[PDB]
Each structure stands twice: as structure tokens, then as C-alpha cells.
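**Q** Same order as they appear, the protein sequences are chains B and D. For the record, in the first sequence the residue sitting at position 45 is 98 according to the entry's author numbering, with numbers rising by one throughout. For the record, in the second sequence the residue sitting at position 46 is 48 according to the entry's author numbering, with numbers rising by one throughout. Ideal Cβ positions, reconstructed from N, Cα and C, are used throughout, including at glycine.
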Amino acid sequence: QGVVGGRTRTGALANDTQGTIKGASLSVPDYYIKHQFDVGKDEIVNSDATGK
Amino acid sequence: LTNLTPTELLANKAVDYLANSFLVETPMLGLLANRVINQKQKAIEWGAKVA
């Protein structure tokens with residue numbers, strides 16, 4: 054935040070530091086939380102009408 | 003799946019085929035079968051001219 058500075062009521066009309074707003078950037082990362090699995094098409098059919 | 007379908011959860015429904023092809027020919031029984039006589043008595047009496 055900027056500084057507040059005082060001057061005598063009729064004094065040097067000065068300039069004081071302003072707040073330094075800053076840009077923050079993240080990225081939706083280029084990495085995955087993933088579950089990779091393979092199912093043989095037999096196991097889908099061998100256990101479609103053949104599952105308890 | 004590779005692990006998500008255990009053997010014990012797979013029913014393995016069978017072909018409705020029972021395989022008894024055993025000896026069932028009874029031709030000697032087949033002869034003289036549809037003419038079996040069911041007596042109310044335990045004995046069978048009949049004559050025989052022997053001379």
C-alpha cells in the first residue's frame with residue numbers, strides 16, 4: 054500500500070510512493086492425474102452375461 | 003477386468019446338456035414287454051401235456 058506523507062499546511066506539494074500492485078499467474082498444469090487401464094474385449098463379453 | 007472380474011464372480015452358465023448315453027438297449031426286455039401280465043397273485047400256474 055502507498056505511504057501517507059504529511060506536509061506543513063502550506064508546504065512542498067510532494068509525491069509519495071503508491072501501492073505496488075503485482076500480477077500473479079498460475080497455470081492449469083500440463084500434467085494429469087490419470088487412471089489408465091486396458092480391458093480385453095473378451096473380459097467385457099466373457100463377463101457381461103457371465104457375471105454373478 | 004484384468005483383476006476386476008474374479009473367477010468366483012463369473013457364473014459360467016452351462017449348456018443344458020446332460021451326457022448319459024449309457025447302455026439302455028433292452029431288446030430282450032423289449033420283446034415280451036408290452037405284453038407283461040401283472041397278476042394279483044404271486045404264482046403262475048399252467049398245464050403242460052408232457053406225454
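At least one CB of chain D closer than 8 Å to the CB of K105/B: is that the case?
**A** yes
**Q** How about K44/D: is its C-beta nearer than 8 Å to some C-beta of chain B?
**A** No, no contact with chain B.
**Q** Between which two residues does the alpha helix (DSSP H) carrying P8/D extend?
**A** Segment: none, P8/D is in no alpha helix (DSSP H) and carries neither H nor E.
**Q** So for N36/D, helix, strand or coil by DSSP?
**A** coil
**Q** Given a threshold of 16 other Cβ atoms within 10 Å of its Cβ, counted over all protein chains shown, does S23/D qualify as buried or as exposed?
**A** exposed
**Q** What is the rounded straight-line gap between the Cα of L12/D and the Cα of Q89/B?
**A** 24 Å
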